[PDB]
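The next block holds one structure in the form of structure tokens; read it before the comments.
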Amino acid sequence: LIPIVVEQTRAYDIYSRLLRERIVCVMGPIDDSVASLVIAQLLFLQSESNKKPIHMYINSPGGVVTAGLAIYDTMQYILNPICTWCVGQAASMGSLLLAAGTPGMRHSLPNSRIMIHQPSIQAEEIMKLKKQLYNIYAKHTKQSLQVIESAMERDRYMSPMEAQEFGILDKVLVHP
Amino acid sequence: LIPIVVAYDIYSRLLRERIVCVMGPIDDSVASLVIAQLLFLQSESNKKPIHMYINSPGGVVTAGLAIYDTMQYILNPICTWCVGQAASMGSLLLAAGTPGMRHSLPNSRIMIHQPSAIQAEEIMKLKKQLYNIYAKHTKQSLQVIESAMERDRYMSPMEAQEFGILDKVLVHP
Amino acid sequence: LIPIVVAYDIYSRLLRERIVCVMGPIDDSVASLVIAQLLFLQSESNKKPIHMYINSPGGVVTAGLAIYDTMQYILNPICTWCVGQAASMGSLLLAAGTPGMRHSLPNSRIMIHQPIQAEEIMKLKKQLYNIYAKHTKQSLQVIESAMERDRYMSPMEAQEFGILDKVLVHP
Amino acid sequence: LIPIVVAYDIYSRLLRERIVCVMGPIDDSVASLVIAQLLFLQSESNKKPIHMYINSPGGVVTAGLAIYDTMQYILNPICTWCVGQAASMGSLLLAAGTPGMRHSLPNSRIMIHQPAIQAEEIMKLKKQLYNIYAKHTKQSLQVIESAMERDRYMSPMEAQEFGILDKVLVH
Amino acid sequence: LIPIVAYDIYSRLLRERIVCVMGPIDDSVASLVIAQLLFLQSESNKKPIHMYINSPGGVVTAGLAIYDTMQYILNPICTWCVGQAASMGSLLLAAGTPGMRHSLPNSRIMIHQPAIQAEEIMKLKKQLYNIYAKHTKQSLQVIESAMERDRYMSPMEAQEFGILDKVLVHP
Amino acid sequence: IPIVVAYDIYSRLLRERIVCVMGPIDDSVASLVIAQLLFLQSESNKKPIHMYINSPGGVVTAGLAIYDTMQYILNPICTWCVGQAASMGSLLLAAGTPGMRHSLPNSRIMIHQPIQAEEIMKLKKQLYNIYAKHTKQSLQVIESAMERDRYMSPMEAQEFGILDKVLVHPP
Amino acid sequence: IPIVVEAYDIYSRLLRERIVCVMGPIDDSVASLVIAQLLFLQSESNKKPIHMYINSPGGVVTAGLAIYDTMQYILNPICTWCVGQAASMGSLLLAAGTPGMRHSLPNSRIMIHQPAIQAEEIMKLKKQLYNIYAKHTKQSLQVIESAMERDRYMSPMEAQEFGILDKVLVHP
Amino acid sequence: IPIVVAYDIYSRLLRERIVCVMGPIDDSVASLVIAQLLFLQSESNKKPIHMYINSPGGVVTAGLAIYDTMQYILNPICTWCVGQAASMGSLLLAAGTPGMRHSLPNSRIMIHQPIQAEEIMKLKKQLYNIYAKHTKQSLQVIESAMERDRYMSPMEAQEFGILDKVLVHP
Amino acid sequence: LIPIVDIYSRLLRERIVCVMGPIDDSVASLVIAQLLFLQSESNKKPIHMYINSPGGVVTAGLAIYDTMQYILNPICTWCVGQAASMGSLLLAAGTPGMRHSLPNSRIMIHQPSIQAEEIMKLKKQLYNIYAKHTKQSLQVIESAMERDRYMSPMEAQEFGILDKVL
Amino acid sequence: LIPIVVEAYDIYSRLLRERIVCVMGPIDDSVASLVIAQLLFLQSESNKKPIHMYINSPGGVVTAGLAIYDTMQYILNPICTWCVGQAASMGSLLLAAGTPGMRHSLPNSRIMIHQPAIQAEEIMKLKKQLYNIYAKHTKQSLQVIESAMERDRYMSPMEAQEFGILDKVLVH
Ligand SMILES: Cc1ccccc1CN1CCn2c1nc(=O)c1c2CCN(Cc2ccccc2)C1
Ligand SMILES: Cc1ccccc1CN1CCn2c1nc(=O)c1c2CCN(Cc2ccccc2)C1
Ligand SMILES: Cc1ccccc1CN1CCn2c1nc(=O)c1c2CCN(Cc2ccccc2)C1
Ligand SMILES: Cc1ccccc1CN1CCn2c1nc(=O)c1c2CCN(Cc2ccccc2)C1
Ligand SMILES: Cc1ccccc1CN1CCn2c1nc(=O)c1c2CCN(Cc2ccccc2)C1
Ligand SMILES: Cc1ccccc1CN1CCn2c1nc(=O)c1c2CCN(Cc2ccccc2)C1
Ligand SMILES: Cc1ccccc1CN1CCn2c1nc(=O)c1c2CCN(Cc2ccccc2)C1
Ligand SMILES: Cc1ccccc1CN1CCn2c1nc(=O)c1c2CCN(Cc2ccccc2)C1
Ligand SMILES: Cc1ccccc1CN1CCn2c1nc(=O)c1c2CCN(Cc2ccccc2)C1
Ligand SMILES: Cc1ccccc1CN1CCn2c1nc(=O)c1c2CCN(Cc2ccccc2)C1
């Protein structure tokens, strides 16, 4: 059951209430239906204002690569500062989106787990998709393409401090 | 669940802005909703553009043909936007946007290959319908379309632009 | 995921414009809903045309015939519109639209082939033959020979055969 | 996905016109709904006719008899209407409409054949259907009984000659 | 879909003090029927309540919970059997206010009973004998002997047996 | 199944003219029992055959197939009820050669019986005739008794004429 | 399946005594086994009779016709025996036994009613059944078709009066 | 199932007059056990028969079929509880020849027992009477004990009269 | 379950090969293994192919077809019950004058409901094989395969699908 | 059910006695295990006598197909490969891996080299080994193998012969 709250100018489900404050949730696996809901919200928040930051809450184990790339491209497309926030975990495509927040604006809570490994179409197309991920990670972490490729080979998570050192995020905060 | 904004679930909100979502697998039920919104949009104004957002793996040929024919029937300019992917019938609808208003975001993947109860001769008839639709809109010859469509591969947005599937690969407003 | 406009669900909105949707397989509950809408529309105006959008692979025969009979029963002209496909009972309903008001989009596919005891099945099948014969103006023997071939017709061939009157591209 | 019309869902709209739908199989939950509608409609006027649309392959016999008894109980004239088909208990409810107010559209199929209890209880129910059919068709028990053995359908005209319906309406 | 009249139809019948027991009895049904009974009693402790029963029976303890609520409320309760009232359903029918227990003409009535120990099964069965004996005024030997026989009673037989008071055709 | 000296133990019992009827009776049980009975008769149309019955009943026509085979062969057939013989199981038990129908002390026997209606009743009437014949009781008494959903103890089954002997030890 | 001595399974043992069991629903693999046995039994002797035990609710029509055609084909007289029931295709095989050698036990039930192909093909199959039933029962095609419309069974004795079988056998 | 050198191990135990009643009792188990009991009597009506019981119980009428068969054959029957004898399993254990009813030291024994009402009661009273006969407890005590959802140790069962010896070593 | 005399191996010892039921890869490799063993026993005496099949996998069928062509033995085909789709191709594929049907069988050359082009390539293989063995034209074969209908054995004889209606 | 024959022998075991190895289904670890065991066994019986390998397969697990391939290359015997019905994906690799001049197809077979829980990198590695294996045995260049394997299509037996997948197409 989604709780209902009231705003002062009607009842909103709590999620719609958070979208009213420019929070966009990316919890759970990323698939085509999640991507279209997230894209619709991002486009709608840009239209409400192309200056005001947008907050993206990420607690995701990854999901469909093309669905995550649609979200990422839409993030790059809008003009707004996008603050990304990792709670719980940001694994595979979820960490790509985390790393894709605006520079200086990528955050994790203290106990989150970050993974850029992609846990286990034609062979040549899987490798093309994978190289697309290498290029995106290189761009946003500032790591080498050869560092990104080697790191992604490793089946392991990063602490928030390591992800900060790696260049996936900027701040690990505890309180406001 | 679907958030509500300003009144409106957010998909209906984008519909009020002349955006029509073609996400996921195309089947008959997707076709009748798209056709429904396309026709309703043409009745709000036959001059204003309509935006078709496409992130689709393909689906039922006849359902896709039905959205195609509706796109060709309405007079409105139709801007097609490829986000994520447009494969099989998805890319036919992308290619079927108004000349010069067919776009892709930079990381999308576009496939014109068709990944593998009617008779053999009717499966061919449908296929030839697609060949001819692709040639009409990509301005490529049938020789190239039939040859290209045999290959189980994706195009990048720039190869797709060069082929005639779309006109613009854009990054920012 | 059915959107809202102005505040109707798009389908109700189309019904307000006198469009009745027959997409998908035809079963008893489709027929009930289609019949409900036709009667309601006739009650709104018995002369204003009614638009019937058909994109159907067919379905239950007696449910098809219930729709067919309700079409012949109401007074309104009915414009039938094939998008995608009209196969089996789908093409029977398309053929049954008011004469000269039967349409197809350019890329639709039309099939009159059909993909209780024996006697009763033949009985239904002959009911079909006769309805087709009436609406296409083809001889029973032609209809019967045509329905044995497992093939679709192009819209222009369907026009030729007498299933529809116009194959249009634009308004 | 039930259309709204103006505000009402279309079945409620029709119920407001004193139409009651009996489409699909008959079971206890269908009989409950049908009975509640007949009873409410009588409450609104015990004189205004009630239209029962029937497109049913039959169903539970005791659920059918519950509807039957409610029909016979309310004072309103009840016009029955066979669209598509009325088989087993469907045809019993059809025949049960007010004399002279039982109709069929031209292409419907009517069947009185019936395609957890003891053998004597099954016969005792069967015999109630003989009596009910004999009453409403004016045929003798031996004829009813002899016909109900035949796994076959009746055309609207045969059904009318038999006493099941009164009128075969084209439009 | 349940039709609307500002009211779904069942709620409409509840406003007229009708309570439907129209399927298998379980805890969920019992909870709903009890809630409706208590509510109707709070609207008026003198106005009759109508209990509609078309049920094959169900969970004994759940049937007994409804029974106890019928006895607890002061209101007259008219019980009406349509279709059937078997096992616990015929217990509730027999538990209507004396003189106010009805059946439509073609219903059938069964007092036969088509994890807990043997002794407990038997205690519940004896509770059923006692309750039937009270409301039918038959002896415990007669109740028990009758419930062994797997058979249905006609409305008339059920009247002679003390299960109901009136078998009626029309109002 | 164990091997004994080499045979599986049921085949070993088959060589001693023992045929087992354990479990529900269906057509494959019937074909297997019939095959064994016919084979045993061919080994000797005089030596007794022992039929061990522990069964809740089963398909009526399959049960009648065993019955007819039993009546067909010339051998004396000793029937032995261990555990239970219910419905068709107790028919076969009763159809043993007169003087040679047996039960163990704690078995339970039931003659109650837990296609179109006329056909279910034709089968039931056939069961009535067979039970009267082999219990040597009037058909009126069988028919009344079979309505009662209950078991008999071996002594009661003996008094009723279903069997001849209740044995504890080899007497 | 129990084993019997002079040592194998009871059903094969019956086969050696020229009995062929049609004891369940008829489908293609049952038709295949039956035909195999029939053709085998003719090889062992083309004159000795063959016993076909039928207890069957029917089954696939073309599978039943395969068995029928094999019965008319082989030279041996074929004695059909109904135990339990013979409905739809089961009764057609019953009635197709050699004239004077079609039996039932007393309490059998016999039914000729028939409780992805086009309508036309289903009718053609139905007419084939009429022709075969008319043949072996000596009844008129008009009467056979009237009979098959009725959802009912016949006692062994009325199946005899009808022409489906020749003897209602109590004991030997 | 391993073959030894009567070659599969279960059949080999049958040659030494052992009958296995392991697992739930249903009609098919009853039929096999009865067949072996009858077969063993035919080999000899004097040589003891050993019945190994490790059962949670099962279908009551199937259990009474085995019980009647044990009471029918003339052999001494030694019953042996390993693991557990619950519900019908403990009836069979208690039905061994007086003096020859055994348990292993860690077995658990339950006489509790985890159609129309009257018929269910009838079956229960048959159980009461069988237990009273072989345990020599009163029907009063038996019926009370069968209400309690509990197991007994082998010694408690011996003192109850369900068995005669709690065996440790041969 | 299968009687012992098993009844299938027995019929194999007399050069009968059963193609009853749907044709898939497993059926194909059994039939082929039996055709090759049968030819190996003698490349001269005939082989009987018993056929009651609704069809099956086209490449499984063609594998059987190609092995029938390959072996030198004559092949009597017999249709009991039905030979539809691939089944009727194997029927027509027996030695000319050695193709039979029993009187009530049903025969169907219609194919009741990989890339589109590969579907059509297979379909044209069938047109050609049918044209060969029936001595009909590719045009009539194609118009015939379009109709969803069965042929009586007598029609299948007229058509060239078989020779003798025993 | 697998016919038996006297030479006793289920008909597959009979074929194996004549040095025929069947590979006539989807290829997986279990099939590969059987095929390798038979190949090794046939070699032990005679490391000169040719071995016949029948192929009617839609492909299967790559690593299982490569295990069969490596075994073919390891045994010294000549390996005649025969394609009936179809050899697709890994099946066509084994077909092309028979001894030069001893790769055959029946006239109506269909041949496909197209490939209808591991990382992107490892899938590329496997596809590379298939390019190399196909290049070696067809004699085509790596470029030609790669672009031909991208096309979702079947070759006829003559196309496959001229492509270098097989040596002979024969009717009888
Ligand atoms: C969206 C919206 C919602 C409520 C009110 C106003 C608006 C403003 N509109 C109207 C139309 N439109 C708007 N904004 C937008 O960004 C876009 C459109 C149309 C197309 N397009 C391309 C695109 C870019 C990236 C992902 C996918 C598609 C972006
Ligand atoms: C649809 C609508 C919705 C809200 C308000 C006004 C309207 C205007 N109407 C009314 C009727 N009608 C309208 N427009 C349309 O385009 C069409 C119709 C009717 C029929 N027809 C054929 C067609 C064409 C292509 C795809 C399938 C069918 C198109
Ligand atoms: C339907 C309606 C809905 C909203 C407002 C007014 C109305 C007008 N009414 C009221 C009752 N009635 C109306 N029209 C109609 O055509 C019909 C009826 C009743 C019966 N009947 C027979 C029939 C014909 C063919 C298919 C099945 C049944 C047609
Ligand atoms: C029903 C209704 C609904 C909205 C407004 C007013 C009313 C009028 N009331 C009130 C109570 N009552 C009414 N009518 C009726 O026919 C009946 C009742 C009560 C009982 N009873 C017996 C019965 C007959 C046949 C089937 C089952 C039960 C019929
Ligand atoms: C229930 C109600 C509903 C709407 C408005 C007013 C009321 C009046 N109240 C309030 C509390 N209460 C009422 N009536 C009642 O009969 C009862 C109660 C409370 C408890 N109790 C015992 C009981 C008896 C038998 C079945 C189960 C429980 C009966
Ligand atoms: C059966 C058998 C088995 C092993 C050795 C010899 C035999 C002897 N045969 C051979 C054929 N036959 C024999 N006995 C028999 O009783 C019967 C037959 C044939 C037919 N028939 C009618 C029948 C009666 C009742 C149930 C069903 C059918 C009885
Ligand atoms: C069958 C058999 C088994 C073991 C030993 C010898 C034999 C005798 N053979 C050998 C081959 N053959 C024999 N008999 C036969 O009737 C037939 C054949 C071959 C073909 N054919 C046509 C046919 C007719 C109707 C249904 C299907 C097929 C009948
Ligand atoms: C069983 C056997 C096996 C191999 C060799 C010889 C024998 C001896 N026979 C032959 C037949 N028969 C034998 N013994 C027996 O105790 C019994 C029989 C027959 C019947 N009957 C009644 C019974 C008792 C209790 C449970 C169920 C049935 C006991
Ligand atoms: C088969 C057999 C079985 C038992 C004993 C001896 C033999 C004779 N051999 C030995 C090997 N071999 C034999 N015959 C044959 O026809 C064939 C072979 C080997 C290969 N080959 C090609 C082929 C043809 C068509 C379908 C598929 C493959 C035919
Ligand atoms: C196999 C066999 C079977 C029956 C009789 C004699 C033999 C001969 N042996 C005995 C052991 N051995 C034999 N042959 C062989 O080729 C091989 C071995 C052992 C190991 N090895 C490596 C290998 C090669 C390729 C695939 C996997 C493993 C090959």
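Convention: chains lettered A, B, ... in structure tokens order; per-chain residue numbering from 1; ligands numbered from 1 as shown.
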Strand (DSSP E) residues, from DSSP on the backbone, in chain A, as a VMD selection string
chain A and resid 4 to 6 11 to 13 23 to 27 54 to 60 82 to 91 106 to 108 113 to 115 171 to 172
For the residues in the current selection, export N, CA and C atoms as a compact mmCIF listing (two decimals), in the first residue's frame.
# COMPACT_ATOMS: atom_id res chain seq x y z
N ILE A 4 -0.86 7.93 1.37
CA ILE A 4 -1.35 9.18 0.80
C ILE A 4 -1.02 10.32 1.75
N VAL A 5 -0.54 11.44 1.20
CA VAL A 5 -0.29 12.65 1.98
C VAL A 5 -0.97 13.82 1.27
N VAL A 6 -1.12 14.93 1.99
CA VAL A 6 -1.74 16.13 1.45
C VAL A 6 -0.71 17.25 1.36
N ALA A 11 -4.75 15.11 -2.06
CA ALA A 11 -3.99 13.93 -1.69
C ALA A 11 -3.05 13.50 -2.81
N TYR A 12 -1.83 13.16 -2.44
CA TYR A 12 -0.84 12.57 -3.34
C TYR A 12 -0.39 11.25 -2.74
N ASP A 13 -0.25 10.22 -3.57
CA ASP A 13 0.58 9.11 -3.13
C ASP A 13 1.98 9.62 -2.83
N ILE A 23 12.08 15.04 -6.84
CA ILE A 23 12.77 13.77 -6.59
C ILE A 23 12.24 12.72 -7.55
N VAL A 24 13.16 12.01 -8.19
CA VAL A 24 12.85 10.96 -9.15
C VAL A 24 13.49 9.68 -8.62
N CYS A 25 12.67 8.64 -8.45
CA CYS A 25 13.13 7.40 -7.85
C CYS A 25 13.51 6.40 -8.94
N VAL A 26 14.67 5.78 -8.76
CA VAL A 26 15.14 4.66 -9.56
C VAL A 26 15.52 3.57 -8.57
N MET A 27 14.51 3.00 -7.92
CA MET A 27 14.66 1.84 -7.06
C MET A 27 14.26 0.59 -7.83
N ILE A 54 17.51 18.49 -10.13
CA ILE A 54 16.67 17.30 -10.06
C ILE A 54 17.43 16.28 -9.24
N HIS A 55 16.77 15.68 -8.25
CA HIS A 55 17.37 14.64 -7.43
C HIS A 55 16.96 13.27 -7.97
N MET A 56 17.95 12.38 -8.14
CA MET A 56 17.72 11.02 -8.60
C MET A 56 18.19 10.06 -7.51
N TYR A 57 17.23 9.36 -6.88
CA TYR A 57 17.50 8.39 -5.83
C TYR A 57 17.71 7.03 -6.46
N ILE A 58 18.86 6.42 -6.22
CA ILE A 58 19.21 5.16 -6.88
C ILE A 58 19.43 4.09 -5.83
N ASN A 59 18.59 3.06 -5.87
CA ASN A 59 18.85 1.83 -5.13
C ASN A 59 18.46 0.71 -6.08
N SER A 60 19.41 0.27 -6.90
CA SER A 60 19.06 -0.60 -8.01
C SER A 60 20.14 -1.67 -8.17
N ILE A 82 21.63 17.55 -12.13
CA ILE A 82 21.03 16.33 -11.62
C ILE A 82 21.90 15.87 -10.47
N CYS A 83 21.35 15.88 -9.26
CA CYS A 83 22.03 15.32 -8.10
C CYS A 83 21.63 13.85 -8.01
N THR A 84 22.62 12.96 -8.04
CA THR A 84 22.37 11.54 -7.87
C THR A 84 22.72 11.11 -6.45
N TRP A 85 21.92 10.19 -5.91
CA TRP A 85 22.04 9.73 -4.53
C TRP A 85 21.95 8.21 -4.50
N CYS A 86 22.96 7.56 -3.92
CA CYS A 86 22.95 6.11 -3.78
C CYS A 86 22.52 5.71 -2.37
N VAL A 87 21.39 5.01 -2.27
CA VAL A 87 21.01 4.36 -1.03
C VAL A 87 20.89 2.87 -1.30
N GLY A 88 21.39 2.06 -0.37
CA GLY A 88 21.40 0.62 -0.53
C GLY A 88 22.51 0.19 -1.47
N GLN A 89 22.28 0.29 -2.78
CA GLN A 89 23.28 -0.17 -3.73
C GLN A 89 23.01 0.46 -5.08
N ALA A 90 24.06 0.49 -5.89
CA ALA A 90 24.02 0.99 -7.27
C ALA A 90 24.92 0.04 -8.06
N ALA A 91 24.32 -1.01 -8.63
CA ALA A 91 25.08 -2.08 -9.26
C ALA A 91 24.82 -2.09 -10.76
N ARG A 106 27.24 14.01 -7.19
CA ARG A 106 27.03 12.58 -7.12
C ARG A 106 27.35 12.12 -5.70
N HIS A 107 26.35 11.60 -4.98
CA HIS A 107 26.44 11.30 -3.55
C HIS A 107 26.12 9.85 -3.22
N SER A 108 26.69 9.37 -2.11
CA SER A 108 26.27 8.10 -1.51
C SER A 108 26.07 8.26 0.00
N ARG A 113 26.53 0.16 -1.30
CA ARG A 113 27.45 -0.70 -2.05
C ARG A 113 27.38 -0.33 -3.53
N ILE A 114 28.53 -0.07 -4.14
CA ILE A 114 28.59 0.33 -5.54
C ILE A 114 29.35 -0.73 -6.33
N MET A 115 28.80 -1.11 -7.49
CA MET A 115 29.40 -2.13 -8.36
C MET A 115 29.31 -1.67 -9.80
N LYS A 171 30.64 12.86 -3.18
CA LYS A 171 30.48 13.03 -1.74
C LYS A 171 29.82 11.82 -1.11
N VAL A 172 30.30 11.47 0.07
CA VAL A 172 29.71 10.48 0.95
C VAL A 172 29.22 11.23 2.18
For residue 93 of chain G, please output as a PyMOL selection string all residues within 10 Å (counting only C-alpha atoms; exclusion window: fewer than 3 positions along the same chain).
chain G and resi 22+52+54+58+64-65+67-69+71+80-82+86-90+96-97+102+132-133+164
Within 10 Å of chain G, which residues belong to chain C? Use only C-alpha atoms and report them as a ChimeraX atom specification.
/C:113-126,148
Assign secondary structure with DSSP using the backbone only, and return the residues of segment 83-116 of chain I in alpha helix (DSSP H) as a ChimeraX atom specification.
/I:86-92,116
So that I can check the surroundings of residue 42 of chain H, please list as a list in words every protein, DNA and RNA residue that reaches within 12 Å of it, counting only C-alpha atoms and ignoring chain neighbours fewer than 2 positions away.
residues 12, 13 and 16 of chain F; 17, 35, 36, 37, 38, 39, 40, 44, 45, 46, 47, 49, 73, 74 and 75 of chain H
All residues having an atom within 10 Å of ligand 1 (only C-alpha atoms and all ligand atoms) as number ranges by chain:
A: 36, 39-50, 70-79; B: 5-6, 10-21, 49-55, 79-84, 103-105, 170-173
Write the residues you've just listed into a file as a compact mmCIF listing (two decimals), in the first residue's frame, and include C-alpha atoms for each of them.
# COMPACT_ATOMS: atom_id res chain seq x y z
CA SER A 36 9.94 5.21 -19.67
CA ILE A 39 12.35 9.56 -18.68
CA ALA A 40 8.81 10.92 -18.52
CA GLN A 41 9.49 12.40 -15.07
CA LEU A 42 12.86 13.89 -16.06
CA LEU A 43 11.36 15.51 -19.17
CA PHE A 44 8.44 16.77 -17.09
CA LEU A 45 10.69 18.29 -14.42
CA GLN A 46 12.83 20.03 -17.06
CA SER A 47 9.62 21.58 -18.44
CA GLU A 48 8.58 22.79 -14.97
CA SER A 49 12.01 24.44 -14.77
CA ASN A 50 15.23 23.91 -16.71
CA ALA A 70 17.86 5.51 -22.50
CA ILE A 71 17.76 6.96 -18.98
CA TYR A 72 21.42 8.03 -19.18
CA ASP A 73 21.00 9.76 -22.54
CA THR A 74 17.94 11.54 -21.16
CA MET A 75 20.01 12.68 -18.19
CA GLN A 76 22.64 14.06 -20.56
CA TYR A 77 19.88 15.65 -22.65
CA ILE A 78 18.10 17.81 -20.07
CA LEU A 79 19.84 21.02 -18.93
CA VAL B 5 1.33 15.53 -11.75
CA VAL B 6 -0.04 19.13 -11.73
CA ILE B 10 2.15 11.38 -16.13
CA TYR B 11 1.60 9.49 -19.40
CA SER B 12 -1.66 11.35 -19.94
CA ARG B 13 0.27 14.48 -19.01
CA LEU B 14 2.72 13.86 -21.84
CA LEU B 15 -0.26 13.10 -24.10
CA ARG B 16 -1.62 16.55 -23.34
CA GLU B 17 1.79 17.73 -24.71
CA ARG B 18 1.34 15.77 -27.97
CA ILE B 19 3.79 13.00 -27.00
CA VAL B 20 2.79 9.42 -27.81
CA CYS B 21 4.81 6.65 -26.17
CA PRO B 49 3.55 18.31 -34.61
CA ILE B 50 3.24 15.04 -32.74
CA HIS B 51 6.15 13.40 -30.92
CA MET B 52 6.43 9.60 -31.04
CA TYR B 53 8.83 8.24 -28.42
CA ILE B 54 10.14 4.81 -29.45
CA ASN B 55 11.98 2.33 -27.25
CA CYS B 79 8.74 13.72 -35.04
CA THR B 80 10.07 10.26 -34.21
CA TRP B 81 12.51 9.89 -31.29
CA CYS B 82 14.57 6.76 -30.71
CA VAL B 83 15.51 6.26 -27.08
CA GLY B 84 17.17 3.05 -25.97
CA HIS B 103 15.84 11.60 -34.24
CA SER B 104 17.84 9.33 -32.00
CA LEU B 105 19.52 10.00 -28.70
CA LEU B 170 21.17 14.93 -30.93
CA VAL B 171 22.75 15.34 -27.50
CA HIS B 172 21.26 18.52 -26.00
CA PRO B 173 18.38 20.99 -26.67
Residue nearest ligand 4 among E:147, E:168, E:4, E:74 (counting only C-alpha atoms and all ligand atoms):
E:168
Please identify the residues whose atoms come within 6 Å of ligand 3, using only C-alpha atoms and all ligand atoms, and report them as a ChimeraX atom specification.
/C:39-40,43,70,73 /D:14,17,51,81
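Minimum atom-to-atom distances from F:123, F:157, F:130, F:138 to chain D were compared using only C-alpha atoms, and the lowest value belongs to F:123.
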Near-residue 160 of chain B list (10 Å; only C-alpha atoms; drop same-chain fewer than 6 positions) as number ranges by chain
B: 91, 95, 103-104, 109-112, 138, 154, 166-169
How would you write, as number ranges by chain, the set of residues no farther than 6 Å from ligand 10 when counting only C-alpha atoms and all ligand atoms?
J: 40-41, 44, 71, 74
Identify, on the basis of only C-alpha atoms, every residue whose closest approach to segment 98-103 of chain E does not exceed 7 Å; exclude the query and any residue fewer than 6 positions from it along the same chain; express the result as a PyMOL selection string.
chain E and resi 77-82+155+164-168
Ligand 7: which residues are within 7 Å, counting only C-alpha atoms and all ligand atoms? Reply as an MDAnalysis selection string.
(chainID G and resid 35 39:40 42:43 69:70 73:74) or (chainID I and resid 10:11 14:16 48 50 78 80 102)
As a list in words, please: every protein or nucleic acid residue near ligand 6 (cut-off 7 Å, counting only C-alpha atoms and all ligand atoms).
residues 34, 38, 39, 41, 42, 68, 69, 72 and 73 of chain F; 13, 14, 17, 18, 19, 51, 53, 81, 83 and 105 of chain G
How about saving the chosen residues, C-alpha atoms kept, as a CSV table (one decimal), in the first residue's frame?
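Everything below was put into part07.csv:
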chain,number,residue,atom,x,y,z
F,34,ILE,CA,-10.3,-59.7,-16.6
F,38,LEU,CA,-9.7,-65.7,-18.0
F,39,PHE,CA,-6.2,-67.0,-17.7
F,41,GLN,CA,-10.0,-70.4,-15.9
F,42,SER,CA,-7.8,-71.8,-18.7
F,68,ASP,CA,-19.6,-59.9,-16.1
F,69,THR,CA,-16.4,-61.8,-16.4
F,72,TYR,CA,-19.0,-65.7,-17.1
F,73,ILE,CA,-16.2,-68.1,-16.0
G,13,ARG,CA,0.2,-64.3,-22.9
G,14,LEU,CA,-3.3,-63.4,-24.2
G,17,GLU,CA,-3.9,-67.1,-27.6
G,18,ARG,CA,-4.9,-64.7,-30.4
G,19,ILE,CA,-6.6,-62.1,-28.2
G,51,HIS,CA,-10.4,-62.3,-30.5
G,53,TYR,CA,-11.7,-57.4,-26.6
G,81,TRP,CA,-16.4,-58.9,-27.6
G,83,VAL,CA,-16.9,-55.8,-22.0
G,105,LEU,CA,-21.4,-59.4,-22.1
